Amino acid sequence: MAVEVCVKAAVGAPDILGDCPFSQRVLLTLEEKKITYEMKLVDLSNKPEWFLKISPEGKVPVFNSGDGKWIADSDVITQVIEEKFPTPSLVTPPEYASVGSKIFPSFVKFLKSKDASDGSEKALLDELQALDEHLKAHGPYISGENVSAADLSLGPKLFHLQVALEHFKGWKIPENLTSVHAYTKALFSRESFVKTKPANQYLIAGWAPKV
């Protein structure tokens, strides 16, 4: 009956909240909807039996809306939360549902880039330039003055971009992208972001093996 979420813990630290942008988008949704929930943590390098009972395929995040039935995939979970707890509404107009869609994959490529001439920096910057033009013309958030589902999905992605790219590449989202900087500052300073984000330490620790 009680809402439960299972999210990624740090490797070797089953009691420390991990760097999953998908899990964090789910956490941001429950925080913004003001739902009371139990947050379970899982170290996938040492999966406990309770985790394998609720997630037989080892998927994270998993969500239990209070019916004992666990469901996977962040797109699915957030939309089931929107359907079951519709107020406060977090619906993003379909018109803007794909703003910033190429930013996360662009980031990972440039983070992994060992070649300073494969066009990966330029590609990420062009995606960030588009985001800036959108935010410039359409409120502080993706859908105007109010936060919506697109923000809760993009936010963790841009947060990973900010922390991992600074640590690994010494690269920052350029300050001339004033609209993305206004967005970043507002999104991250919301009580929901402050209560659900990983520490920079464990965001960097979570990407280090992949770099």
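One-based numbering along the sequence shown.
Of the two segments examined, 160 to 168 and 138 to 146, it is 138 to 146 that shows the higher average Cα temperature factor in the deposited entry. Higher mean CA B-factor, judged across 64 to 72 and 39 to 47 from the recorded values: 64 to 72. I173: CA B factor lies in the lowest third for its chain, per the PDB record.
Among all modelled residues in this chain, the alpha-carbon of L124 has a temperature factor (C-alpha) in the lowest third. Residue-level temperature factors show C20 in the highest third of its chain, judged at the C-alpha atom. In the deposited entry, the Cα temperature factor of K33 places it in the lowest third of its chain's modelled residues. Per the PDB record, residue ranking by Cα B-factor puts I77 in the middle third of the chain.
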